[PDB]
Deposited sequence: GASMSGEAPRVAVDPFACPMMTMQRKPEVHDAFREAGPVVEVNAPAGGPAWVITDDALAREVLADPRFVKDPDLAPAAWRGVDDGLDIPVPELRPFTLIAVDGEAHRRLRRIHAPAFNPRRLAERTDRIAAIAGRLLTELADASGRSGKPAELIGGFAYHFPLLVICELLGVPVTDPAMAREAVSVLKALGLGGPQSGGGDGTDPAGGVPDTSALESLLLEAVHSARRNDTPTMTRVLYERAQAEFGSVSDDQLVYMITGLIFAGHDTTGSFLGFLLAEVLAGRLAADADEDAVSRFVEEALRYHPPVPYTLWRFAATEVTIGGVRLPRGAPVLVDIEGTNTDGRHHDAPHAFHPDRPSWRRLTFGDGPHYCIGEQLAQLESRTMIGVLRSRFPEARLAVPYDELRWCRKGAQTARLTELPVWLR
């Protein structure tokens, strides 16, 4: 069954709607052929249970050399490092080389080590929000939280966790996007900061995020160069703030639309964040996978080399398994989602994103209890192009 469309097609959206291709795909069946953006066929998985099988099947590999020749330098979302850096990029390998990187990265997201930074995370959020409110005091204009908070906050957090002291969040976001795009196929001020974080960790037993990465990497590789560690934390910084800042704009919009009870205990906050995660996934599809061998799944025989996507955004809003999927219901069955992926490549950073989301909400409820939208929720719009994360066009709010 085939639907001759680009699955990344996305017009301007309201808060409530999801693009129509998701329904078109799902009605066609569990495994649908589509027009890959960079040329040739591709296949979308539209059922949650079969998606979880695909993501756990060793025959669907990340290996980007298996991508069609035409895509190189063309496809928006082809992650292809130079072959010498692939062993150091979590998203480009599978099997033993991948478990090696997983063993190095997991202790960096230790829940106790992360929780020790809670106050610091709340301080960063508090400062950013206070200056935005004061700026509104001065100007008589609303604060724009997408440009002013959503990306700045997680970027400042991850940099501080890695020991990279950042002074200009906007400029650091620009600079790390250049390096990220080079690594996956003026930044010198940022490069010096990362190299310094790496020097400091090689020299001090202070158990920063960069130090645990270095200790484990040195153990797993015998020897690791500064360039290889800089390249790895560059990856964490991008992944650590782009998906998160896109999602935080949606979470902020739901909180300020008044949908959270003012008496909410920690369980209720958790259920609210989970429902935001089901309802507003930043990443609509999993990263490209390729059949390393001919595989027959969901009744469809897939050829060797078949590009395969799991539909995160569609399965998250599938009416066969969610009651009123396009309505925001914190107290629904807090239940299955693919917002963070599944299987061996499940998001290693999820713990940090959950801590940041709770902490942000706590700073808002405590110090900005009257914050609210400055436009109606029905006037909010979001979009995405190609392979980038979904994001709101703007989020004007009165913080006080």
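Mapping the modelled residues onto the deposited sequence reveals missing stretches at 1-8, 194-210.
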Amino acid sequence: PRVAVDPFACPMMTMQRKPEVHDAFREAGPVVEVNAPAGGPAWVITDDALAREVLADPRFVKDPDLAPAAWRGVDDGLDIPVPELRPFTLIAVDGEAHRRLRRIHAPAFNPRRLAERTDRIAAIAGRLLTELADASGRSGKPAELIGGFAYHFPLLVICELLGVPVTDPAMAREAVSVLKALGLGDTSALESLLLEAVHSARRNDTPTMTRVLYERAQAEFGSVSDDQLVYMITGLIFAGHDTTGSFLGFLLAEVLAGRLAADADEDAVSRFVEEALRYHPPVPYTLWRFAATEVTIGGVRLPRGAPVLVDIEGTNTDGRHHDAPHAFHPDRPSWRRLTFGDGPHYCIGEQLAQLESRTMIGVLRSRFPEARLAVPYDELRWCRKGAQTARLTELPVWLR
From here on, numbers count along this sequence of modelled residues.
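For the pair 72-80 and 126-134, the record assigns the higher mean C-alpha temperature factor to 72-80. For the two regions 165-173 and 96-104, the entry's Cα B-factors average higher over 165-173. Ranking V178, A217, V283, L145 by Cα temperature factor from the entry places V178 first. Annotation for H322, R289, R117, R278: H322 ranks highest, by Cα B-factor. Residue-level temperature factors show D57 in the lowest third of its chain, judged at the C-alpha atom.
Sort the modelled residues of the chain by CA B factor and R301 lands in the highest third.
When the CA B factors of the chain's modelled residues are split into thirds, the value for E266 lands in the highest one. For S139, the recorded CA B-factor ranks within the middle third of the chain. Only modelled residues enter the ranking. When all modelled residues of the chain are sorted by CA temperature factor, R211 is found within the middle third.
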